[PDB]
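Before any questions on how it binds or moves, here is one chain, the form solved without the partner chain, in structure tokens.
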């Protein structure tokens, strides 16, 4: 079982665990309670196993979407922040950590795709998707293209498909309706049709994947790309003069990227729930706590309003948050696995003309509501 009188934390190795350890030393300094930060391999797979037998960490950090399944098995304790604490974070981040009306984690950081552009090839980035075909024509006249991004993964193409009314599952009051899916409505067909037109008209290649898009942008061959905070590091080494901005609108509607919220959940089997609540609310979720983590490895945009206002002095963070506020929180329900699979197939089939847009989306919708 889990030991009383200490805190064990699991967080992924690509996060600022040395910075989190420093927040834990301040907590120990104040309380005498020792905090241990670990970053085990495949911790998101291990957690459900060890937590099922009342073991594991007191606190686990992960993207909010995995927590729906954890909470389904009763592996997470319901949290109880007061209204005053809740107000210190962006309201939309709390929606990401509700499972069947219960708050099951604390929101830490927010991730969403943004439009990344080469300031040298483009003085001002396009504000709409519709003007991209013409812009590509101007740039092709000089051996460059307008836009290259990963078309193989629905995570990347979804912002455009959803822009005019598409949605994964309907959400109402901390709950999703698994029978109300917006994959084959008029808005989703409009968006995927637009995407297919870009491919037919040779403004983009259907086989463009993550590594192809990144290489082209970082080599200066394409004016724009669509990517998240994790990409900036390779661009910075490439020394391309880039900007990060709000995604283009489609049909006058904002692009709707999926929002991922890094969250901290408390093991239901933990005998240290009060200690975990004190650590999270009063040590980690402060400007000083988040700064310590961020200084180790940047979090991106954060759910804490006060610290986010300081971070947003960096335009790339500001844009990340702006796209997140216009985005679609990623559903934390198990049915999302049917969605990823079906939509990946629908997009690839419609892109290669194997199937028409109507038929590909019709099939996906059926398959997801099955």
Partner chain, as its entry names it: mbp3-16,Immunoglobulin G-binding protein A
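Residue numbers count along the first chain shown, from 1.
- The deposited model assigns a higher average Cα B-factor to 209-217 than to the other stretch when 258-266 and 209-217 are compared.
- With 167-175 and 135-143 compared on mean CA B-factor from the PDB entry, the stretch scoring higher is 167-175.
- By the numbers in the PDB entry, the CA B factor is greatest at 234 among 185, 128, 114, 234.
- The PDB entry assigns the greatest CA B-factor among 180, 281, 120, 288 to 120.
- Among the modelled residues of the chain, residue 26 sits in the highest third by CA temperature factor in this PDB entry.
- Residue 315: CA B factor lies in the lowest third for its chain, per the PDB record.
- For residue 45, the recorded CA B-factor ranks within the highest third of the chain. Only modelled residues enter the ranking.
- In the PDB entry, residue 331 places in the middle third of its chain by CA B-factor.
- Among the modelled residues of its chain, residue 201 has a C-alpha B-factor that falls in the highest third, as given in the PDB entry.
This next part talks about the form solved in complex with the partner chain, which is not shown.
- Although the partner chain is not shown here, in the entry with it bound the stretch 189-212 places heavy atoms of 196, 197, 199, 200, 201, 202, 203 within 4.5 Å of it, in sequence order.
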